[PDB]
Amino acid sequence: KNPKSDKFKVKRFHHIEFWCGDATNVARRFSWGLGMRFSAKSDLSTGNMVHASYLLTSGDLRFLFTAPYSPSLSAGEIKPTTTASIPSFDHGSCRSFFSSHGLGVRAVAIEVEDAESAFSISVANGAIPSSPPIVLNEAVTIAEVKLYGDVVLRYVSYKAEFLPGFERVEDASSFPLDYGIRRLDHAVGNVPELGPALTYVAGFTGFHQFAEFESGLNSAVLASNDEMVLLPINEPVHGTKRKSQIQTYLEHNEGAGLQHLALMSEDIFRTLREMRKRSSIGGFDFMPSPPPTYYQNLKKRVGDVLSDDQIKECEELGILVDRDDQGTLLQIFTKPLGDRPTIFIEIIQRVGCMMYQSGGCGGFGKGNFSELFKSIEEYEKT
C-alpha cells in the first residue's frame, strides 16, 4: 500500500553535502575511490571568502564537500553582504559539527517544486527549522529543516548550474573518471529511538512507510509518493550477545547521524572491480567477504536470475544478493569512510520491477542477516 500522502511535491535526491575539515583532501580521495568527476567549485578563486566547496558527480549522483576558511577572511561581512555561495553555512556550526562527529553528512538534499512552500508546509507540520528559504540570484531557492541529530533535510527548487556562485571546473582539472555509479538510492540515519524519529519525519513530510518482505537493529523506511526518495532509519537493539553496530555508531558519532549512503550502479560488477583495484592506493576498503558457502547457497536462492558465471563473479567481488517477492538486490558495503566507525557506503544494483524501474525493487537486504549467519556454517565444512 502507498497512500501517496506527500505534503509537497518532491522530485528526486539532489545532492549530499559532507562537512569536512579540509574539503580538498576528502574530495580528491572520494573522486579517485568512487570514480566521480570534479564538476563545480565555490572557493577563494570564485570570490567565496567564507567556505571552500567542491562538487563531485557521477551520473546523477552529486557529492558536495565543504570546509570553512578562517573567519578573519570574512569578518567584515554580514549576511546581506556575504560572499558564501551556500547562505545556510556558518563557521561555528561547521566547526562544531566536525569536532563533534568527525567527517560525515551534514545535508541530505532533495529537489522539490518550490523550496519556500516545502519549508513552510514542513514547519507548519512539526519540522524544526534550520535555515529559512533564501533565493539565490533569482534562480534557485534553498531551505533547511532538521532531519535527525545534526543532519538537515535540504530543499532545493529551480525556476528553470549546480548553484549560483559555483563555477564549472576547468576541463584540465576535471578528469572523466567513471566506475558506473549513477544515483543515490537511499540514505540511512541512526537514532537512539526509532518511533519518535519516524513520527517526526513522516509527520512533516507526509512520507509513508515503505513495506519490507540477532540483527542488532530495528528499522523502517520512509518513502516519497513515487518511492524514489527513500529515507530508512535504524535504532539499536540492546542486550544482545554481539553489540549492536547501531549503538557503536551512536557512541563514536556522539549521537544520531547519517549511517550509510547507498549508491546505485548501472554495472555493479564493473564498479566493484574498479573500486577494489584502488582500495590500497587511496580508495575505499570493503567489508570482509562472506564464506564460499554463501555463494554455493546462491544457486537455490537466485539461480533463476543469475547464471553460474554471474554467481561466480559475485563471489570474486564479495557481492551480497537478496530477494523479495518483487525483485532482486545486489549489494556490498565499504569499511567506514573516515577515522571513526560511523558512516560507510553501500553499492547496489536492482533487478526487476520494470514498469523505468520502481523504487526499492528487491528491498534493502535484510534477508542477508539470516543468509550470512546460516552460511557461516562454513565452520562445519572445515
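Only the largest set of C-alpha atoms that superpose within 1.5 Å between the two forms is called the rigid core. So that there is no doubt, residue numbering starts at 1 and follows the sequence shown.
Asks: I'd like to know which segment deviates more from the shown structure in 8 other deposited structures of this protein: 261-269 or 162-170, using C-alpha RMS over all structures and residues after a core fit.
Replies: Comparing 162-170 with 261-269, the one that moves more in 8 other deposited structures of this protein is 162-170.
Asks: Could you tell me whether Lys241 lacks coordinates in at least a third of the other compared entries whose models cover its neighbours on both sides?
Replies: Affirmative; at least a third of those entries omit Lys241.
Asks: Taking the other compared entries of this protein, do a third or more of them lack coordinates for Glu77?
Replies: Other entries vs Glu77: at least a third skip it.
Asks: Can you count the deposited residues that have no coordinates between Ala172 and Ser173 and report it as none, 1 to 3, 4 to 9, or 10 or more?
Replies: Gap size class: none, per the record.
Asks: Could you check the entry and say whether 72-80 or 250-258 has the higher mean CA B-factor?
Replies: Per the PDB record, 72-80.
Asks: Mean C-alpha B-factor higher for 327-335, or for 310-318?
Replies: Higher of the two, by average CA B-factor, is 310-318.
Asks: Could you check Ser279, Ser122, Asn137, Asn190 and tell me which one carries the biggest Cα B-factor in the deposited entry?
Replies: Result of the comparison over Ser279, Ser122, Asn137, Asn190: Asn137.
Asks: So among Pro176, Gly239, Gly283, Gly92, who wins on Cα B-factor in the entry?
Replies: Highest C-alpha B-factor among the listed options: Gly239.
Asks: By its CA B factor, does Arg183 count among the lowest, middle or highest third of the modelled residues in the chain?
Replies: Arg183: CA B-factor falls in the lowest third of its chain.
Asks: Sorting by Cα B-factor within the chain, modelled residues only, which third would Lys11 end up in: lowest, middle or highest?
Replies: It belongs to the middle third of the chain when residues are ordered by C-alpha B-factor.
Asks: Ranking every modelled residue in this chain by its Cα temperature factor as given in the entry, which third contains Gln357?
Replies: Top third by C-alpha B-factor.
Asks: Ranked by Cα temperature factor within the chain, is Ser88 in the lowest third, the middle third or the highest third?
Replies: Within its chain, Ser88 is a middle-third residue by C-alpha B-factor, going by the deposited values.
Asks: Give the position of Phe364 by CA B-factor within its chain, expressed as the lowest, middle or highest third.
Replies: Within its chain, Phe364 is a middle-third residue by C-alpha B-factor, going by the deposited values.
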